[PDB]
C-alpha cells in the first residue's frame, strides 16, 4: 500500500515521547527521561484510546560504537517496541531524533556553541554517516510491511540561537540529507523499496518549509513519501516558551477566554491558515503531511479550571479536525509526565503508562471529536472501493 493508501488509515497519531530518543548509551535510556518501561499493554492502551499511528522518536548514533555500528541489544529492543505496535495493526513512524545533535545541529554548524558554516567535507561526511545508520536500520526492519514508516531526521536546524535567519542557506543542505536517507533505505530493497518514508522540512517549520522546500525539491516524486513539520503555536499554551507564570496561556479559542492568561495569538484562524499552507505546498500535490509533534499543556490552575479544560479539548479538536481536512496526520507529543498535570506548569500527557489508561481526558476527548469532524481528502488516480 502506498502513501495515500496508508495515510487515510493513520490518523490520529501519538508519540512515544521521552522514551527511545533519550541520549543514554544503554537499554536503560528507555526509562531515563520518563519512568515506565514500554510494554504491549501500554501500546494496547494507546490503540484503545483511539490512536491509529505511533511515532517513535529514537536515537541511534548515541547507541553506536566507535565504528558506527548500532548496539545489537539496542536494535533488538527497538524492534520489540515496534512489534508491540505492529501486533496491534498500529502504523509506526520510526525516526532518528535529536540524537545529541550529531546531524540536527552538527549537520548545519561546525560548532554546537555558535553558528559556523559547514563546508563540503562536513556535509559529505554527514551524508555517509546518515546512510550508514539508515542502512543498518532498514536492513533490520526490511521484512516489515507498510505499517512501518521511517523518518530520516527530526527537527533539522531548529536550534534558534544558532540557526535563526539561516533557513534559506541551510535548506539545500537538508535537502541533501533527506535525499541521502531515502537513497540508503531504497537501496536495501525488499519491502524497503515500497515503504513510505518521511522527510523533514527546515526547522520542521511550516513557513520555512513551504518557502524553501517546495515539492520539486523533494527527493522522490509523489507516491511513497510524506513530509513532516511540527506545530507548537502558540508556545505559551503549547509548552515551548514562556509557558508558565504570568506570560503563560491557559485559555485558547475565541469562545474560551477568561479573566487573564488568554492566548493573544495563534488561535483557530491562525491554525487553519497554517495548515492550509501545507495543503497547498504538499498534500494537494500528493505528499501527505505528518505534523510529527504538537501539544497543549493540561494544567491545574487557580482560575477557571473548566474553561482551561475546554481550551485544551478545543485545541486538540482543532488540530485533528483541521489536519484531517487538509490531508495531514497529527501526532500528539506525550512524555508520560502524570505529575505535571497537577500543577500550573502542566503536562501534555494523555496516556498514564504506568496504569495503561487515559489520564488526559480533555485532550483525548478533543482528539476524538476532531477526527470525527474531519473529512479526509482523497487524492486518487484510479478507483478505490471506499
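Residue numbers count along the first chain shown, from 1.
161-169 and 275-283 differ in mean CA B-factor, and the higher of the two is recorded for 161-169. Just going by the entry, 221-229 versus 254-262 on mean CA temperature factor gives the higher value to 254-262. Based on the entry's C-alpha B-factors, the most elevated value among 154, 214, 179, 236 belongs to 214. When the C-alpha B-factors of 306, 298, 196, 207 are read from the PDB record, the largest value belongs to 306. In this PDB entry, the Cα temperature factor of residue 97 sits in the bottom third of its chain's modelled residues, the lowest group. Per the deposited record, the Cα B-factor of residue 138 falls in the middle third when ranked against the other modelled residues of its chain. When all modelled residues of the chain are sorted by CA temperature factor, residue 16 is found within the lowest third. Compared with the other modelled residues of the chain, the Cα B-factor recorded for residue 39 ranks in the middle third. When the CA B factors of the chain's modelled residues are split into thirds, the value for residue 321 lands in the middle one.
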